[PDB]
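Peer 1: Here come the first chain(s), positioned as in the complex:
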Amino acid sequence: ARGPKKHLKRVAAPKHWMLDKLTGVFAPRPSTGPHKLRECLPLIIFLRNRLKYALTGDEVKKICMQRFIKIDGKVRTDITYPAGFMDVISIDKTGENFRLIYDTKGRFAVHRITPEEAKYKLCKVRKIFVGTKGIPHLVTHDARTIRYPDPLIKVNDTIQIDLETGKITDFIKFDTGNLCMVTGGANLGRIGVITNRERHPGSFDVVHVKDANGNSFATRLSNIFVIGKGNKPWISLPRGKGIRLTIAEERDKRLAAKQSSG
Amino acid sequence: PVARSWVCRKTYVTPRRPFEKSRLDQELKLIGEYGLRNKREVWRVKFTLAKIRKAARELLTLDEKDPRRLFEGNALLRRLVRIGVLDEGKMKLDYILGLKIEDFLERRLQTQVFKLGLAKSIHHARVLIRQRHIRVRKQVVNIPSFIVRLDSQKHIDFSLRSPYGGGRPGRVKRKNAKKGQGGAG
């Protein structure tokens, strides 16, 4: 190709977008944004599939530019905006708010939340930047540059920011024993506690995370996000509590629900 | 770059021996006894039985205390006892290999309509099915190759629009009655 791509096929889409094949040929390619092309969710696919507020690609456009969707407290007009991870999607008309958190499987799910919890947002810093006159900077995972942070902010730790002021409120240190939640790979959405971390120079440092039912799993350091201090999370976790239940017991739960419901 | 499916598979298989006396005799005995039409339907019954037997053999190759083997065996066994080819007493993975063709052909809709007690012969049962008479749980079914389940066994009855189950008279009866009224009036 002589330039950047602008189209995207339906079968080339990620599974968590989680579409069909007989509907169309092209998939909604998201515009460039704070999050990457893969682990992002477009607003069109969310409003058309997860909430069923529209049937076609034009009604969702009318909803999106009628100034009723608040992304991180701000209105967004672009229909293919990448709504990333821990992004607060608020609708001031119906009075319902959402937060995009992975469930036990590898997908996004709707999560209706209280409005007052929507005032804050968790994000993970990527690197430490010194400005042109000795101004320290933070670059979070959603590319939100923060001027003059706390001097105790490390390279791989999370912070709690306010949506209105935009400054930092409090932070969690990346330490052993804090509550964790993976954000990529085979293990996705599992709620675990950090137990071990080995360092490999010039490579990826794999950490060991222990699940809340005694299970153990290991992922890379880049797929690690801290949500709480100790064992108590700072946000309201969805149904299933990130437990990653296997096939036999979810089959038992499904047959029990079918027997009780009839 | 069109939006189609292009997914299909053959449901039968042709035998290696084209002319064998015992095989033709057994196939024609099955066709005559169970009211079939041609050899492709008994070949497709043989093909799906062969697929089930191959899956059971591949599952029985692996050792016990395996979650994949236990899950797939329980799912296959539950589906087979839901269809109506097995029972709760023979609830084992190694009892699958003792199943035959007539156990599958007994669960056909044509045979069940014949043997439930509302049709004279099996060919009359197939003719009655193909002309939109027999329904299962308020759903008109006009095909003979409908594998009924155990929970839907006691809901085989004539449709509401058929003259056999109570409905409007057919074309021959109405035409003959019109001829009789015209001749007598």
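Peer 2: Yep, it's here. Numbers count the residues shown, from 1 in each chain, chains lettered A, B, ... in the order given.
Peer 1: drop to CA atoms for contacts and neighbour counts, all remaining ones
Peer 2: Fine.
Peer 1: how about the helices of chain A, start to end?
Peer 2: A:43-45, A:59-65, A:247-261 (DSSP state H).
Peer 1: Residue A:68 versus the closest residue to residue A:115 other than its chain neighbours, what's the distance?
Peer 2: Nearest residue to residue A:115, sequence neighbours excluded (Cα to Cα, 6 or more residues apart in numbering or on different chains): residue A:97, at 6.4 Å. As judged by Cα to Cα, to the nearest Å, residue A:97 and residue A:68 stand 12 Å apart.
Peer 1: got it, and residue B:1?
Peer 2: 36 Å.
Peer 1: Close to chain A: what parts of chain B are there?
Peer 2: B:1, B:2, B:3, B:4, B:5, B:67, B:71 (Cα under 8 Å from any Cα of the partner chain).
Peer 1: Now tabulate the residues you listed in a markdown table and tack on secondary structure, distance to residue B:48 and neighbour count.
Peer 2: Shown next, in a markdown table, are the residues of chain B next to chain A (DSSP: H, G, I helix; E, B strand; the rest coil; distance: Cα to Cα, whole Å; neighbours: other Cα atoms under 10 Å in any protein chain shown):
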| residue | secondary structure | distance to residue B:48 | neighbour count |
| --- | --- | --- | --- |
| B:1 | coil | 34 | 6 |
| B:2 | coil | 32 | 8 |
| B:3 | coil | 30 | 12 |
| B:4 | coil | 27 | 11 |
| B:5 | coil | 23 | 8 |
| B:67 | helix | 25 | 12 |
| B:71 | helix | 21 | 14 |
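Peer 1: Closest one of those residues to residue B:15?
Peer 2: For those, the residue nearest residue B:15 by Cα to Cα is residue B:5; the value is 29.6 Å.
Peer 1: Residue A:20 is in contact with that closest one, correct?
Peer 2: No - using Cα atoms under 8 Å, residue B:5 is not in contact with residue A:20; the gap is 11.2 Å.
Peer 1: Near chain B, which residues of chain A are found?
Peer 2: Residues of chain A lying close to chain B (Cα under 8 Å from any Cα) are A:21, A:22, A:23, A:24, A:25, A:247, A:248.
Peer 1: okay, now chain C:
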Amino acid sequence: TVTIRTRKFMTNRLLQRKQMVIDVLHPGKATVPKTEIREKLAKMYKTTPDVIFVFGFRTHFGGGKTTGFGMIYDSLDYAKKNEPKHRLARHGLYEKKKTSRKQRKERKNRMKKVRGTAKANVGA
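Peer 2: One more chain to add, chain C, which I have set with the ones above:
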């Protein structure tokens, strides 16, 4: 008689309509025309039948089950705002210009061949 039953009913404050799935039960008779579902939803929800939009009615195999959608608006101008043009053409509210694509493309090319004010008079 003919009765309908709603299913998956929901309201939409942010688009000023209500979505529903309509299950038409017509044993014996054929598929009822859409004005019957419109007036039945009018006298079911106590609404003027000018804001009842129904479509997508497919008759099931078996003679008497019909599944279709339905939009219940709260106003006529609000229904005029967020609606495709072909449904308003079906209800006799919108009219389309009757010109085929080949004439429009040829007229565009003929206007492309000439510059200035003569584009107004080269394509009538």
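Peer 1: Look up the closest residue to the residue most central in space within chain C, ignoring the ones flanking it.
Peer 2: Geometric centre of chain C, nearest residue: residue C:87, 2.2 Å, by Cα atoms, centre = their mean. Ranked by Cα to Cα, 6+ apart and with sequence neighbours excluded, the top spatial neighbour of residue C:87 is residue C:53, at 7.9 Å.
Peer 1: Kindly tell me how buried the one you found is, as a neighbour count.
Peer 2: 22 (other Cα atoms under 10 Å in any protein chain shown).
Peer 1: part of a strand, is it?
Peer 2: Yes - under DSSP: H, G, I helix; E, B strand; the rest coil, residue C:53 sits within a strand.
Peer 1: In terms of helices and strands, where is the residue nearest to the centre of chain C?
Peer 2: helix C:85-90 (DSSP states H and E).
Peer 1: Next: residue B:115.
Peer 2: Using DSSP H and E, the element containing residue B:115 is helix B:109-116.
Peer 1: who touches the following helix or strand past that helix?
Peer 2: For helix B:109-116, the following helix or strand on the C-terminal side (DSSP H and E) is helix B:122-130. Residues from elsewhere that reach helix B:122-130, judged by Cα atoms under 8 Å, 6 or more residues apart in numbering or on different chains: B:34, B:35, B:110, B:111, B:113, B:114, B:119, B:134, B:141, B:142, B:143, B:144.
Peer 1: For residue A:147, which non-adjacent residue is closest in space?
Peer 2: That would be residue A:137: by Cα to Cα, 6+ apart, it lies 5.0 Å from residue A:147.
Peer 1: Same check on residue A:136?
Peer 2: Nearest residue to residue A:136, sequence neighbours excluded (Cα to Cα, 6+ apart): residue A:130, at 4.5 Å.
Peer 1: And residue B:169, by the same measure?
Peer 2: Nearest one to residue B:169, counting by Cα to Cα, 6+ apart, is residue B:163 at 5.5 Å.
Peer 1: Just give the number of residues close to that neighbour.
Peer 2: Count around residue B:163 with other Cα under 10 Å applied: 13.
Peer 1: backbone phi and psi for it, please?
Peer 2: phi -70, psi -20 (degrees, to the nearest 10).
Peer 1: include chain D too:
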Amino acid sequence: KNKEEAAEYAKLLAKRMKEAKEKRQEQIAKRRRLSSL
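Peer 2: Let me put chain D in with the others:
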């Protein structure tokens, strides 16, 4: 906004530097204590 944010960062940096200085002072005292005992 630039002026008030710089003043707030200067206050926070002064507090953190004071905490680091007293941490180094008590670590030097601990080193002297273990050297004596």
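Peer 1: back to the neighbour count of residue B:163, now that we've got chain D?
Peer 2: If you count neighbours by other Cα under 10 Å, residue B:163 ends up with 13.
Peer 1: doesn't residue A:61 make contact with residue C:15?
Peer 2: No - with contact defined as Cα under 8 Å, residue C:15 does not count as touching residue A:61 (11.4 Å).
Peer 1: So for those two, which sits in the more crowded spot?
Peer 2: Remark: of residue C:15 and residue A:61, residue C:15 carries more neighbours, 21 against 18, as counted by other Cα under 10 Å.
Peer 1: For that one, which non-adjacent residue is spatially closest?
Peer 2: residue A:63 is the one closest to residue C:15 (Cα to Cα, 6+ apart), at 7.1 Å.
Peer 1: show me the contacts for the one you found.
Peer 2: A:69, C:14, C:15 are the contacts of residue A:63 under Cα under 8 Å, 6+ apart.
Peer 1: so how far is residue B:123 from the residue of the stretch 151-262 of chain A found nearest chain C?
Peer 2: Residue of the stretch 151-262 of chain A nearest chain C, by Cα to the nearest Cα: residue A:261 (18.3 Å). The spacing between residue A:261 and residue B:123, counted by Cα to Cα, is 42 Å.
Peer 1: residues contacting residue A:100?
Peer 2: Contacts of residue A:100 by Cα under 8 Å, 6+ apart are A:84, A:85, A:86, A:87, A:88, A:108, A:109, A:110, A:111.
Peer 1: Can you get me a residue count around the second one?
Peer 2: One way to gauge burial is a neighbour count; for residue A:85, by other Cα under 10 Å, it gives 21.
Peer 1: Could you list every helix and strand in contact with the top helix by length along chain B?
Peer 2: The longest helix of chain B (DSSP H) is helix B:39-61. Secondary-structure packing of helix B:39-61 (3 or more Cα pairs under 8 Å, 6 or more residues apart in numbering or on different chains; DSSP states H and E): helix B:21-34, helix B:67-83, helix B:101-105.
Peer 1: And the residue of the stretch 51-200 of chain A that's closest to chain D?
Peer 2: For the stretch 51-200 of chain A, Cα to the nearest Cα, closest residue to chain D: residue A:148, 6.0 Å.
Peer 1: what's the spacing between residue A:161 and residue A:83?
Peer 2: Using Cα to Cα, we find residue A:161 at a distance of 17 Å from residue A:83.
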